[PDB]
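Just one chain is shown here, as structure tokens, and it is the form deposited in one PDB entry.
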């Protein structure tokens, strides 16, 4: 039977999140092994709350109540199989007493716990991972964290322990030697002694970041060690961490890096040294000799304040980082990159990524990149290159964003060069001389206003994916970009600047001159007028994104010119016409859409009416997205007009009535979205059929249902069609009558 109020499934997982629930549901399936109740309004947990759910291994209770959680002594003690328990963001004032001995993972991130004690933790001898971070931090009103001596030593299976963003003052003593990962970032620990990590011969991660932070231009309330001194690490603090892979020392105000810290640290993979004062060490770097297995090195944001050196000064000793794959030098800040300045990097056999974002670089000697063994990612974004509930996510890196530097879709094609966010307002004849064979290029947001004529990319003719978004291109020549015969993806989003001017020219004819162009983005260009050729044409093109233009104007009733604007795109399967302010589509215009389409989006327009008949012309059409329009009526004979349609999206429309058979007219329909509409009911007329329906999803939330015996039939139909998934029954709600107002439609008797 239809579970409630949780969406249940096998993988047995109850998904009961974000549901305005005020108590723990007692109507949960008893085979459930994992239960997600995050983001609810639950305020009390007692021993009665999971009475029948003894089969539970995982409970999530983060963010309860959503806009503190009173949990009773021993409330979960009976859950003999409970292993993972998530209590984040719950204003707990202490570790709840009497937690079950069977727990392996516990997270108390983002509470008010300032006392960690034997009574709460020491019995939990099976803990693999303990998360206690972010309980006292910044200007939060909270106390220094008291850690009862030995609380952790009974935890002889503890693999992870995280205490970051608490005021600790010292590494706690008596840590179990089972530790693999220790996070102590922003714990206000000024000094590290030789005893602090003495027996942690299995550690692979240590995070001492944010202790003695560098506070200039801090995006948070930041207090430095006195005088802005550096963290102080004893020469022997890492003597026995021979398993260390990851070390984070970002924002510890280091001027000097002791080579001997790495003496017995032969597996170090990742060394994070952001937001220190290391410009000097970058020019000498004894320590670099100690790290020939290091793969990622991050020296970002060590700029000296107020200084703008002509050049970056990299020590010869970078040449010893022989396993280096990625070097991050954001925010060093310098004027000019010369070939000689990167000599020490040129022979590193596996250095694939070099990242120079946000250095305010004015000039680069591009030929230098050829001399490298094999750069795959040249990231120069954000420079000054001109022509030739709570703010921070406690589960993320705090000092840098973790997404890929270049979109993967682009980088897969080959070597990439990103010059986004510079002032390259114009591509000169030699701008791309001496580059490697670039497959992926990003020039987004250079305020580029030029006329691309067919020669500007000649020096790098094999670009397969080109990003020219957020420029101001002047499409005044029909040969534009044609020197890129291999081109497969082209993004021209956000170049409206000239497109919006009726009087200037707009030539899109070059689209035809490409044999392998598969994807094209013309979104948010405000396209309403083109010169000479009113048609887009390509034999290769599979996908055109045309959202945010003015098809309203292009297909107005007094203008025939653009009636076939898309017909010439013979191979097209995917078309996005969202955000074109369409009030009505002329039938000839619609019939002139490519018959090859499988996926058509006309969402978020203003359609009042949709000629359904016209689907006869679209035999391969699988998906149709009309969400967010003004639609009033559905055709009563839809199966007459398509037999390919698998997905139909109609949410946020003005449909108040279904025609008979609709749900069974189908017949390839598997997903039908009728949410946020005006349906007051579903009559048995719509439920009639002679055929087996194959519908697997039907979306109904957001409809103002009439909750009387007048709706029993649909309710019946729901019981007799468990196979049809219907999401968020708690949101499929009665508008009326009074007694029923607010309840799910599934819970009226």
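We call the rigid core whatever largest set of C-alpha positions still superposes within 1.5 Å between the two forms. Positions refer to the first chain, counted from 1.
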{"item": "At least a third of the other entries leave residue 680 unmodelled", "value": "no"}
{"item": "Missing coords for residue 711 in a third or more of other PDB entries", "value": "no"}
{"item": "Unmodelled stretch of the deposited sequence separating residue 67 from residue 68, binned as none, 1 to 3, 4 to 9 or 10 or more", "value": "10 or more"}
{"item": "Extent of unmodelled deposited sequence, residue 12 relative to residue 11", "value": "1 to 3"}
{"item": "37 to 45 set against 685 to 693, stretch whose average Cα temperature factor tops the other in the entry", "value": "685 to 693"}
{"item": "Given 653 to 661 and 240 to 248, the range whose Cα B-factors average higher in the PDB entry", "value": "653 to 661"}
{"item": "Maximum C-alpha temperature factor, selected from 274, 557, 552, 537", "value": "557"}
{"item": "Out of 488, 476, 389, 234, residue topping the C-alpha B-factor column of the entry", "value": "389"}
{"item": "Entry-reported Cα temperature factor of residue 675, expressed as the chain third it lands in", "value": "middle"}
{"item": "Ranked C-alpha temperature factor of residue 285 among modelled chain residues, by third", "value": "highest"}
{"item": "Where the record places residue 401 (Cα B-factor, split into thirds across the chain)", "value": "highest"}
{"item": "CA B-factor placement of residue 268, once the chain's modelled residues are sorted into thirds", "value": "lowest"}
{"item": "Lowest, middle or highest third - CA B-factor, residue 394", "value": "lowest"}
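There is another form of the same protein, the form deposited in another entry; it is not shown, and what comes next is about it.
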query	finding
Residue among 101, 149, 143, 73 whose Cα moves 2 Å or more between the shown form and the other one, once the rigid core is superposed	143
Core-aligned C-alpha movement of residue 369 between the shown form and the other one, 2 Å or more	no
Shift of residue 501 between the shown form and the other one at or above 2 Å (CA, core fit)	yes
Residue 340 C-alpha shift between the shown form and the other one of 2 Å or more, rigid core reference	no
Direction of Cα pair change residue 504-residue 548 in that other deposited form, magnitude 3 angstroms or more	closer
Sense of the change in Cα distance from residue 504 to residue 579 in that other deposited form - at least 3 Å versus the shown form	closer
